[PDB]
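Student: Structure file my_file.txt, compact mmCIF, N, CA and C atoms, is pasted below:
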```
# COMPACT_ATOMS: atom_id res chain seq x y z
N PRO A 1 29.14 -12.54 61.34
CA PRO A 1 29.27 -13.92 60.84
C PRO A 1 29.15 -13.99 59.33
N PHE A 2 30.29 -13.97 58.63
CA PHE A 2 30.29 -13.99 57.17
C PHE A 2 29.88 -15.36 56.66
N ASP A 3 28.69 -15.43 56.08
CA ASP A 3 28.17 -16.67 55.51
C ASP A 3 28.36 -16.64 54.00
N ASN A 4 28.94 -17.72 53.47
CA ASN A 4 29.16 -17.85 52.04
C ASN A 4 28.64 -19.19 51.54
N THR A 5 27.91 -19.93 52.37
CA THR A 5 27.56 -21.31 52.08
C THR A 5 26.08 -21.54 51.85
N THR A 6 25.22 -20.57 52.13
CA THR A 6 23.79 -20.74 51.96
C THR A 6 23.26 -19.83 50.87
N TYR A 7 22.27 -20.33 50.14
CA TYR A 7 21.66 -19.62 49.03
C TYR A 7 20.60 -18.68 49.59
N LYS A 8 20.87 -17.38 49.52
CA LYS A 8 20.03 -16.38 50.15
C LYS A 8 18.81 -16.00 49.33
N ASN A 9 18.64 -16.57 48.15
CA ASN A 9 17.49 -16.25 47.30
C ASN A 9 16.41 -17.32 47.43
N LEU A 10 15.87 -17.44 48.64
CA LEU A 10 14.83 -18.42 48.91
C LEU A 10 13.43 -17.83 48.82
N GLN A 11 13.31 -16.59 48.36
CA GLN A 11 12.00 -15.95 48.33
C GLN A 11 11.14 -16.45 47.18
N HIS A 12 11.74 -16.82 46.05
CA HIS A 12 10.94 -17.19 44.89
C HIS A 12 10.28 -18.56 45.02
N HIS A 13 10.58 -19.30 46.08
CA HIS A 13 9.79 -20.47 46.43
C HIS A 13 8.38 -20.09 46.85
N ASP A 14 8.17 -18.86 47.33
CA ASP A 14 6.90 -18.44 47.90
C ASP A 14 6.08 -17.56 46.96
N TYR A 15 6.41 -17.54 45.68
CA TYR A 15 5.70 -16.71 44.72
C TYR A 15 4.50 -17.45 44.17
N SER A 16 3.41 -16.72 43.97
CA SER A 16 2.20 -17.26 43.38
C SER A 16 2.08 -16.80 41.93
N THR A 17 0.93 -17.06 41.31
CA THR A 17 0.73 -16.70 39.92
C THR A 17 0.51 -15.21 39.71
N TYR A 18 0.04 -14.49 40.73
CA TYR A 18 -0.23 -13.06 40.59
C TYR A 18 0.82 -12.20 41.28
N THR A 19 2.02 -12.74 41.52
CA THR A 19 3.04 -12.02 42.27
C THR A 19 3.53 -10.79 41.51
N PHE A 20 3.87 -10.97 40.23
CA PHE A 20 4.33 -9.87 39.38
C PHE A 20 3.27 -8.79 39.23
N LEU A 21 2.02 -9.20 39.04
CA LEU A 21 0.97 -8.23 38.78
C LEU A 21 0.52 -7.54 40.06
N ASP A 22 0.57 -8.23 41.20
CA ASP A 22 0.33 -7.54 42.47
C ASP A 22 1.46 -6.57 42.80
N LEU A 23 2.69 -6.89 42.40
CA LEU A 23 3.77 -5.92 42.58
C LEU A 23 3.61 -4.72 41.66
N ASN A 24 3.08 -4.93 40.45
CA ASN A 24 2.77 -3.80 39.58
C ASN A 24 1.67 -2.93 40.18
N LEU A 25 0.64 -3.56 40.75
CA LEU A 25 -0.43 -2.82 41.42
C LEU A 25 0.08 -2.08 42.66
N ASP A 26 1.06 -2.65 43.35
CA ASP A 26 1.66 -1.97 44.49
C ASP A 26 2.51 -0.79 44.03
N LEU A 27 3.23 -0.95 42.93
CA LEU A 27 4.08 0.11 42.41
C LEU A 27 3.32 1.18 41.64
N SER A 28 2.02 0.99 41.39
CA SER A 28 1.24 1.95 40.62
C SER A 28 1.13 3.33 41.28
N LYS A 29 1.42 3.45 42.57
CA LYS A 29 1.30 4.74 43.25
C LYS A 29 2.60 5.52 43.31
N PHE A 30 3.75 4.87 43.13
CA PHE A 30 5.04 5.54 43.23
C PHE A 30 5.47 6.23 41.95
N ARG A 31 4.74 6.03 40.86
CA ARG A 31 5.25 6.32 39.53
C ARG A 31 4.79 7.69 39.05
N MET A 32 5.60 8.27 38.16
CA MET A 32 5.37 9.61 37.65
C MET A 32 4.16 9.63 36.71
N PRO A 33 3.53 10.79 36.53
CA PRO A 33 2.38 10.86 35.61
C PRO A 33 2.80 10.66 34.16
N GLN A 34 2.08 9.79 33.47
CA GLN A 34 2.45 9.33 32.14
C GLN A 34 2.37 10.46 31.11
N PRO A 35 3.21 10.42 30.07
CA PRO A 35 3.08 11.41 29.00
C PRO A 35 1.89 11.09 28.12
N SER A 36 1.47 12.09 27.36
CA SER A 36 0.34 11.96 26.47
C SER A 36 0.76 12.35 25.06
N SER A 37 0.26 11.61 24.08
CA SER A 37 0.46 12.00 22.69
C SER A 37 -0.50 13.09 22.25
N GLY A 38 -1.53 13.38 23.02
CA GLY A 38 -2.53 14.36 22.65
C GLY A 38 -3.78 13.78 22.03
N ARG A 39 -3.79 12.48 21.75
CA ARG A 39 -4.96 11.80 21.22
C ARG A 39 -5.15 10.50 21.98
N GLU A 40 -6.37 9.97 21.93
CA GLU A 40 -6.72 8.82 22.75
C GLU A 40 -6.08 7.54 22.23
N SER A 41 -5.93 7.43 20.92
CA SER A 41 -5.23 6.32 20.28
C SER A 41 -4.82 6.79 18.89
N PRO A 42 -3.92 6.07 18.21
CA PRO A 42 -3.66 6.41 16.79
C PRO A 42 -4.83 6.15 15.85
N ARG A 43 -5.93 5.56 16.31
CA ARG A 43 -7.16 5.47 15.54
C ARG A 43 -8.20 6.47 16.00
N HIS A 44 -7.82 7.45 16.81
CA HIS A 44 -8.69 8.55 17.19
C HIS A 44 -8.31 9.83 16.45
N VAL B 1 5.64 -0.93 -15.08
CA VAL B 1 5.23 0.25 -15.81
C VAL B 1 5.80 0.30 -17.22
N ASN B 2 6.36 -0.80 -17.72
CA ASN B 2 7.02 -0.75 -19.02
C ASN B 2 6.03 -0.75 -20.18
N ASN B 3 4.75 -1.00 -19.93
CA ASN B 3 3.73 -0.84 -20.96
C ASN B 3 3.15 0.56 -21.01
N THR B 4 3.61 1.46 -20.14
CA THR B 4 3.14 2.84 -20.10
C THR B 4 4.20 3.81 -20.61
N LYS B 5 5.07 3.36 -21.50
CA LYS B 5 6.17 4.19 -21.97
C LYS B 5 5.92 4.80 -23.34
N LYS B 6 4.99 4.26 -24.12
CA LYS B 6 4.79 4.71 -25.48
C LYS B 6 3.36 5.17 -25.69
N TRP B 7 3.18 5.94 -26.75
CA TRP B 7 1.86 6.35 -27.19
C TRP B 7 1.31 5.30 -28.13
N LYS B 8 0.02 5.03 -28.01
CA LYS B 8 -0.67 4.09 -28.86
C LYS B 8 -1.79 4.81 -29.59
N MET B 9 -2.08 4.32 -30.79
CA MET B 9 -3.23 4.73 -31.57
C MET B 9 -4.10 3.51 -31.78
N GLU B 10 -5.37 3.61 -31.40
CA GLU B 10 -6.33 2.57 -31.70
C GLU B 10 -7.56 3.22 -32.31
N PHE B 11 -8.57 2.41 -32.61
CA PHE B 11 -9.80 2.92 -33.17
C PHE B 11 -10.99 2.48 -32.33
N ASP B 12 -12.11 3.14 -32.58
CA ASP B 12 -13.37 2.79 -31.94
C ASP B 12 -13.78 1.37 -32.30
N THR B 13 -14.21 0.61 -31.30
CA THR B 13 -14.55 -0.78 -31.53
C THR B 13 -15.89 -0.87 -32.24
N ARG B 14 -15.93 -1.62 -33.33
CA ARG B 14 -17.14 -1.84 -34.10
C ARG B 14 -17.80 -3.14 -33.65
N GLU B 15 -18.77 -3.60 -34.44
CA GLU B 15 -19.63 -4.69 -34.02
C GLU B 15 -18.92 -6.04 -34.13
N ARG B 16 -18.99 -6.81 -33.06
CA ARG B 16 -18.60 -8.21 -33.07
C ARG B 16 -19.85 -9.03 -32.80
N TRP B 17 -20.12 -10.01 -33.64
CA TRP B 17 -21.32 -10.80 -33.46
C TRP B 17 -20.95 -12.27 -33.43
N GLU B 18 -21.96 -13.09 -33.17
CA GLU B 18 -21.76 -14.52 -32.98
C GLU B 18 -21.87 -15.23 -34.32
N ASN B 19 -20.86 -16.02 -34.64
CA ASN B 19 -20.89 -16.89 -35.80
C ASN B 19 -22.01 -17.92 -35.62
N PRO B 20 -22.94 -18.05 -36.57
CA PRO B 20 -24.03 -19.02 -36.41
C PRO B 20 -23.58 -20.46 -36.37
N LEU B 21 -22.42 -20.77 -36.93
CA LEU B 21 -21.97 -22.15 -36.95
C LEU B 21 -21.26 -22.52 -35.65
N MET B 22 -20.26 -21.73 -35.26
CA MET B 22 -19.38 -22.12 -34.17
C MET B 22 -19.48 -21.23 -32.94
N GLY B 23 -20.17 -20.10 -33.02
CA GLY B 23 -20.16 -19.18 -31.91
C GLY B 23 -18.92 -18.33 -31.81
N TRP B 24 -18.10 -18.31 -32.86
CA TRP B 24 -16.91 -17.48 -32.90
C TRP B 24 -17.29 -16.01 -33.01
N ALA B 25 -16.32 -15.14 -32.76
CA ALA B 25 -16.54 -13.70 -32.86
C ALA B 25 -16.30 -13.26 -34.29
N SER B 26 -17.37 -13.10 -35.04
CA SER B 26 -17.28 -12.57 -36.38
C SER B 26 -17.23 -11.06 -36.34
N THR B 27 -16.36 -10.47 -37.15
CA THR B 27 -16.28 -9.03 -37.26
C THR B 27 -16.34 -8.63 -38.73
N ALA B 28 -16.63 -7.35 -38.95
CA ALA B 28 -16.55 -6.75 -40.26
C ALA B 28 -15.64 -5.54 -40.27
N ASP B 29 -15.03 -5.21 -39.13
CA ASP B 29 -14.15 -4.06 -39.02
C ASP B 29 -12.74 -4.48 -39.38
N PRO B 30 -12.16 -3.95 -40.46
CA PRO B 30 -10.75 -4.26 -40.74
C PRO B 30 -9.80 -3.63 -39.76
N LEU B 31 -10.14 -2.49 -39.17
CA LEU B 31 -9.24 -1.76 -38.30
C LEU B 31 -9.37 -2.17 -36.84
N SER B 32 -9.98 -3.33 -36.57
CA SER B 32 -10.30 -3.71 -35.20
C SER B 32 -9.08 -4.17 -34.42
N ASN B 33 -7.98 -4.48 -35.10
CA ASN B 33 -6.75 -4.92 -34.46
C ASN B 33 -5.61 -3.95 -34.68
N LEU B 34 -5.85 -2.85 -35.37
CA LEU B 34 -4.80 -1.93 -35.77
C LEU B 34 -4.41 -1.07 -34.57
N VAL B 35 -3.31 -1.43 -33.92
CA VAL B 35 -2.75 -0.66 -32.82
C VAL B 35 -1.38 -0.18 -33.26
N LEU B 36 -1.17 1.13 -33.18
CA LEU B 36 0.08 1.72 -33.64
C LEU B 36 0.83 2.31 -32.46
N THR B 37 2.16 2.33 -32.58
CA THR B 37 3.05 2.73 -31.50
C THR B 37 3.84 3.96 -31.92
N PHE B 38 3.90 4.96 -31.04
CA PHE B 38 4.51 6.24 -31.33
C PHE B 38 5.36 6.67 -30.15
N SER B 39 6.49 7.30 -30.45
CA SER B 39 7.41 7.72 -29.40
C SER B 39 6.87 8.92 -28.64
N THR B 40 6.25 9.87 -29.33
CA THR B 40 5.69 11.05 -28.70
C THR B 40 4.23 11.19 -29.10
N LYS B 41 3.58 12.19 -28.50
CA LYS B 41 2.20 12.52 -28.82
C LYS B 41 2.09 13.19 -30.18
N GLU B 42 3.09 13.98 -30.55
CA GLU B 42 3.02 14.75 -31.79
C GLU B 42 3.22 13.87 -33.01
N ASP B 43 3.98 12.78 -32.87
CA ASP B 43 4.13 11.83 -33.96
C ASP B 43 2.81 11.12 -34.25
N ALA B 44 2.07 10.78 -33.19
CA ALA B 44 0.75 10.17 -33.36
C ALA B 44 -0.24 11.14 -33.97
N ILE B 45 -0.22 12.40 -33.50
CA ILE B 45 -1.11 13.42 -34.06
C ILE B 45 -0.79 13.66 -35.53
N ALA B 46 0.49 13.71 -35.88
CA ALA B 46 0.89 13.95 -37.26
C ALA B 46 0.54 12.78 -38.16
N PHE B 47 0.65 11.55 -37.63
CA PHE B 47 0.29 10.38 -38.41
C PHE B 47 -1.21 10.30 -38.64
N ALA B 48 -2.00 10.68 -37.64
CA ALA B 48 -3.45 10.67 -37.82
C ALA B 48 -3.92 11.80 -38.73
N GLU B 49 -3.27 12.96 -38.67
CA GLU B 49 -3.64 14.06 -39.56
C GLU B 49 -3.23 13.77 -40.99
N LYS B 50 -2.10 13.11 -41.18
CA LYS B 50 -1.63 12.74 -42.51
C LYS B 50 -2.56 11.73 -43.18
N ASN B 51 -3.23 10.90 -42.39
CA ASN B 51 -4.10 9.86 -42.90
C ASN B 51 -5.57 10.23 -42.88
N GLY B 52 -5.91 11.45 -42.47
CA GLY B 52 -7.29 11.89 -42.54
C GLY B 52 -8.19 11.30 -41.49
N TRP B 53 -7.62 10.78 -40.42
CA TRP B 53 -8.39 10.20 -39.33
C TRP B 53 -8.77 11.28 -38.33
N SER B 54 -10.05 11.35 -38.00
CA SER B 54 -10.49 12.19 -36.90
C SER B 54 -10.05 11.55 -35.60
N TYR B 55 -9.35 12.30 -34.76
CA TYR B 55 -8.70 11.72 -33.59
C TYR B 55 -9.08 12.49 -32.34
N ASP B 56 -8.95 11.83 -31.21
CA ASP B 56 -8.93 12.50 -29.92
C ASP B 56 -7.76 11.99 -29.09
N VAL B 57 -7.15 12.91 -28.34
CA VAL B 57 -5.93 12.64 -27.60
C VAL B 57 -6.24 12.72 -26.11
N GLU B 58 -5.87 11.68 -25.38
CA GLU B 58 -5.84 11.71 -23.93
C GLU B 58 -4.41 11.99 -23.49
N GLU B 59 -4.24 12.94 -22.58
CA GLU B 59 -2.91 13.28 -22.11
C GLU B 59 -2.35 12.18 -21.21
N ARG B 60 -1.03 12.15 -21.09
CA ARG B 60 -0.37 11.15 -20.27
C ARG B 60 -0.62 11.41 -18.80
N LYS B 61 -1.13 10.40 -18.10
CA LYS B 61 -1.33 10.47 -16.66
C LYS B 61 -0.11 9.84 -15.99
N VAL B 62 0.69 10.67 -15.34
CA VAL B 62 1.82 10.16 -14.56
C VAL B 62 1.35 10.00 -13.12
N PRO B 63 1.92 9.07 -12.36
CA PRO B 63 1.68 9.06 -10.92
C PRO B 63 2.44 10.20 -10.26
N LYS B 64 1.75 10.95 -9.40
CA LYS B 64 2.39 12.08 -8.74
C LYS B 64 3.37 11.57 -7.69
N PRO B 65 4.44 12.33 -7.41
CA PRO B 65 5.45 11.85 -6.46
C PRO B 65 4.90 11.79 -5.04
N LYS B 66 4.91 10.59 -4.47
CA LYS B 66 4.43 10.37 -3.12
C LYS B 66 5.51 10.72 -2.12
N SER B 67 5.09 10.94 -0.88
CA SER B 67 6.00 11.16 0.23
C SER B 67 6.01 9.89 1.08
N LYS B 68 7.13 9.18 1.07
CA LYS B 68 7.26 7.92 1.78
C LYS B 68 8.25 8.05 2.93
N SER B 69 7.94 7.38 4.02
CA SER B 69 8.80 7.36 5.19
C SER B 69 8.47 6.10 5.97
N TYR B 70 9.47 5.25 6.17
CA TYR B 70 9.24 4.05 6.96
C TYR B 70 9.04 4.39 8.43
N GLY B 71 9.68 5.46 8.91
CA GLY B 71 9.51 5.87 10.29
C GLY B 71 8.14 6.43 10.60
N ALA B 72 7.43 6.91 9.58
CA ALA B 72 6.06 7.40 9.75
C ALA B 72 5.10 6.29 10.15
N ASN B 73 5.47 5.02 9.97
CA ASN B 73 4.68 3.92 10.48
C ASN B 73 4.65 3.86 12.00
N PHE B 74 5.53 4.59 12.69
CA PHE B 74 5.65 4.50 14.14
C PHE B 74 5.71 5.88 14.75
N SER B 75 4.76 6.74 14.40
CA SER B 75 4.77 8.10 14.92
C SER B 75 4.37 8.13 16.39
N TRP B 76 4.86 9.14 17.10
CA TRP B 76 4.48 9.31 18.50
C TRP B 76 3.03 9.75 18.65
N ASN B 77 2.56 10.61 17.76
CA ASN B 77 1.26 11.23 17.98
C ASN B 77 0.40 11.37 16.73
N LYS B 78 0.80 10.80 15.61
CA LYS B 78 0.00 10.91 14.40
C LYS B 78 -0.80 9.64 14.16
N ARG B 79 -1.86 9.79 13.37
CA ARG B 79 -2.75 8.68 13.04
C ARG B 79 -2.12 7.66 12.12
N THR B 80 -0.97 7.97 11.52
CA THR B 80 -0.30 7.12 10.56
C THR B 80 0.49 5.98 11.19
N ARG B 81 0.27 5.65 12.46
CA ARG B 81 0.85 4.44 13.02
C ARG B 81 0.19 3.21 12.42
N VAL B 82 0.99 2.21 12.13
CA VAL B 82 0.45 0.93 11.72
C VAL B 82 0.04 0.15 12.96
N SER B 83 -1.15 -0.44 12.92
CA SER B 83 -1.58 -1.25 14.04
C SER B 83 -0.89 -2.60 14.07
N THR B 84 -0.47 -3.10 12.91
CA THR B 84 0.42 -4.24 12.84
C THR B 84 1.35 -4.07 11.65
N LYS B 85 2.37 -4.92 11.61
CA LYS B 85 3.41 -4.82 10.60
C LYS B 85 3.77 -6.20 10.07
```
Represent the supplied structure as structure tokens.
Tutor:
Amino acid sequence: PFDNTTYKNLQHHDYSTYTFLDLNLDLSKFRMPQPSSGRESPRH
Amino acid sequence: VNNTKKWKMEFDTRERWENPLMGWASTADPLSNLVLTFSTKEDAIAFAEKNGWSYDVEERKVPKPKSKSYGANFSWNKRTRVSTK
């Protein structure tokens, strides 16, 4: 049934204030190990 | 830096005292304003030797050539990153 008449992006009605940051916390395990400059900060 | 292009000759500063009437700066040194301009150091040395003045010479202090790089403000791993710009 090819539907072309309804807006399929109804998910963002259900987003809260921490949606982006909870998705970052969820994605924190899938990601590669970060590179290092060799120092803790440019003021170290 | 256009005031650092020539050699100058001045003299040791003598006594300036307070005028009792007005508080003005009274002097007795005739050479207190005598500033002379010379193109090189040797012209100044020759002029002071010709006039019998005991002199001392300070050599010219140039600023040494710095190493500048705008990209060094944003290094990957050096301390020379700017924290703000």
Student: Kindly provide, as a list in words, the residues of chain B having any atom no farther than 6.5 Å from an atom of chain A, counting all atoms listed in the file.
Tutor: residues 76, 77, 78, 79, 80 and 81 of chain B
Student: One decimal, in Å: what's the spacing between atom CA of residue B:60 and atom CA of residue B:33?
Tutor: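 Going from atom CA of residue B:60 over to atom CA of residue B:33, I get 22.4 Å.
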Student: Any idea what the distance is between atom CA of residue B:2 and atom CA of residue B:62?
Tutor: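 Interatomic distance here is 12.9 Å.
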Student: Give me the box for stretch 38-50 of chain B as AutoDock Vina command-line options, namely the centre and edge lengths in Å to one decimal of a box along x, y and z that holds every listed atom plus 5 Å on each side.
Tutor:
```
--center_x 1.7 --center_y 9.9 --center_z -35.8 --size_x 21.3 --size_y 19.8 --size_z 24.7
```
Student: I need the residues in chain B that are strand (DSSP E) according to DSSP; give them as a PyMOL selection string.
Tutor: chain B and resi 7-9+16-18+25-27+36-38
Student: For the atom pair atom CA of residue B:65 and atom CA of residue B:8, what is the interatomic distance in Å to one decimal place?
Tutor: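 Computing the Euclidean distance for atom CA of residue B:65 and atom CA of residue B:8 yields 24.5 Å.
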Student: Among chain A, which residues carry a DSSP assignment of alpha helix (DSSP H), reported as a VMD selection string?
Tutor: chain A and resid 19 to 27
Student: Identify which of the residues B:24, B:52, B:34, B:47 lies closest to residue B:11, counting only N, CA and C atoms when measuring atom-to-atom distances.
Tutor: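 Of the candidates, the smallest distance to residue B:11 is held by B:34.
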Student: Generate the missing atoms of stretch 64-81 of chain B up to N, CA, C and O atoms and report them as a PDB file, keeping the file's coordinate frame.
Tutor:
```
ATOM      1  N   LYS B  64       1.750  10.950  -9.400  1.00  0.00           N
ATOM      2  CA  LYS B  64       2.390  12.080  -8.740  1.00  0.00           C
ATOM      3  C   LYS B  64       3.370  11.570  -7.690  1.00  0.00           C
ATOM      4  O   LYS B  64       3.214  10.461  -7.174  1.00  0.00           O
ATOM      5  N   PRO B  65       4.440  12.330  -7.410  1.00  0.00           N
ATOM      6  CA  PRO B  65       5.450  11.850  -6.460  1.00  0.00           C
ATOM      7  C   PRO B  65       4.900  11.790  -5.040  1.00  0.00           C
ATOM      8  O   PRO B  65       4.468  12.797  -4.478  1.00  0.00           O
ATOM      9  N   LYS B  66       4.910  10.590  -4.470  1.00  0.00           N
ATOM     10  CA  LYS B  66       4.430  10.370  -3.120  1.00  0.00           C
ATOM     11  C   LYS B  66       5.510  10.720  -2.120  1.00  0.00           C
ATOM     12  O   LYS B  66       6.698  10.799  -2.445  1.00  0.00           O
ATOM     13  N   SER B  67       5.090  10.940  -0.880  1.00  0.00           N
ATOM     14  CA  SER B  67       6.000  11.160   0.230  1.00  0.00           C
ATOM     15  C   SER B  67       6.010   9.890   1.080  1.00  0.00           C
ATOM     16  O   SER B  67       5.017   9.563   1.724  1.00  0.00           O
ATOM     17  N   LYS B  68       7.130   9.180   1.070  1.00  0.00           N
ATOM     18  CA  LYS B  68       7.260   7.920   1.780  1.00  0.00           C
ATOM     19  C   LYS B  68       8.250   8.050   2.930  1.00  0.00           C
ATOM     20  O   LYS B  68       9.264   8.739   2.815  1.00  0.00           O
ATOM     21  N   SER B  69       7.940   7.380   4.020  1.00  0.00           N
ATOM     22  CA  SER B  69       8.800   7.360   5.190  1.00  0.00           C
ATOM     23  C   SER B  69       8.470   6.100   5.970  1.00  0.00           C
ATOM     24  O   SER B  69       7.319   5.894   6.346  1.00  0.00           O
ATOM     25  N   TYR B  70       9.470   5.250   6.170  1.00  0.00           N
ATOM     26  CA  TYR B  70       9.240   4.050   6.960  1.00  0.00           C
ATOM     27  C   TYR B  70       9.040   4.390   8.430  1.00  0.00           C
ATOM     28  O   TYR B  70       8.302   3.693   9.128  1.00  0.00           O
ATOM     29  N   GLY B  71       9.680   5.460   8.910  1.00  0.00           N
ATOM     30  CA  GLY B  71       9.510   5.870  10.290  1.00  0.00           C
ATOM     31  C   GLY B  71       8.140   6.430  10.600  1.00  0.00           C
ATOM     32  O   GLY B  71       7.700   6.366  11.753  1.00  0.00           O
ATOM     33  N   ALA B  72       7.430   6.910   9.580  1.00  0.00           N
ATOM     34  CA  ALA B  72       6.060   7.400   9.750  1.00  0.00           C
ATOM     35  C   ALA B  72       5.100   6.290  10.150  1.00  0.00           C
ATOM     36  O   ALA B  72       4.024   6.588  10.674  1.00  0.00           O
ATOM     37  N   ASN B  73       5.470   5.020   9.970  1.00  0.00           N
ATOM     38  CA  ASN B  73       4.680   3.920  10.480  1.00  0.00           C
ATOM     39  C   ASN B  73       4.650   3.860  12.000  1.00  0.00           C
ATOM     40  O   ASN B  73       3.833   3.123  12.554  1.00  0.00           O
ATOM     41  N   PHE B  74       5.530   4.590  12.690  1.00  0.00           N
ATOM     42  CA  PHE B  74       5.650   4.500  14.140  1.00  0.00           C
ATOM     43  C   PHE B  74       5.710   5.880  14.750  1.00  0.00           C
ATOM     44  O   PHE B  74       6.627   6.207  15.488  1.00  0.00           O
ATOM     45  N   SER B  75       4.760   6.740  14.400  1.00  0.00           N
ATOM     46  CA  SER B  75       4.770   8.100  14.920  1.00  0.00           C
ATOM     47  C   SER B  75       4.370   8.130  16.390  1.00  0.00           C
ATOM     48  O   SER B  75       3.658   7.256  16.886  1.00  0.00           O
ATOM     49  N   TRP B  76       4.860   9.140  17.100  1.00  0.00           N
ATOM     50  CA  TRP B  76       4.480   9.310  18.500  1.00  0.00           C
ATOM     51  C   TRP B  76       3.030   9.750  18.650  1.00  0.00           C
ATOM     52  O   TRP B  76       2.343   9.305  19.569  1.00  0.00           O
ATOM     53  N   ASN B  77       2.560  10.610  17.760  1.00  0.00           N
ATOM     54  CA  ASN B  77       1.260  11.230  17.980  1.00  0.00           C
ATOM     55  C   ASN B  77       0.400  11.370  16.730  1.00  0.00           C
ATOM     56  O   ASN B  77      -0.651  12.011  16.795  1.00  0.00           O
ATOM     57  N   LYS B  78       0.800  10.800  15.610  1.00  0.00           N
ATOM     58  CA  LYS B  78       0.000  10.910  14.400  1.00  0.00           C
ATOM     59  C   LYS B  78      -0.800   9.640  14.160  1.00  0.00           C
ATOM     60  O   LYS B  78      -0.484   8.567  14.667  1.00  0.00           O
ATOM     61  N   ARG B  79      -1.860   9.790  13.370  1.00  0.00           N
ATOM     62  CA  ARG B  79      -2.750   8.680  13.040  1.00  0.00           C
ATOM     63  C   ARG B  79      -2.120   7.660  12.120  1.00  0.00           C
ATOM     64  O   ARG B  79      -2.654   6.553  11.986  1.00  0.00           O
ATOM     65  N   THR B  80      -0.970   7.970  11.520  1.00  0.00           N
ATOM     66  CA  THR B  80      -0.300   7.120  10.560  1.00  0.00           C
ATOM     67  C   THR B  80       0.490   5.980  11.190  1.00  0.00           C
ATOM     68  O   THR B  80       1.322   5.378  10.499  1.00  0.00           O
ATOM     69  N   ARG B  81       0.270   5.650  12.460  1.00  0.00           N
ATOM     70  CA  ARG B  81       0.850   4.440  13.020  1.00  0.00           C
ATOM     71  C   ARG B  81       0.190   3.210  12.420  1.00  0.00           C
ATOM     72  O   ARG B  81      -1.033   3.158  12.255  1.00  0.00           O
TER      73      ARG B  81
END
```
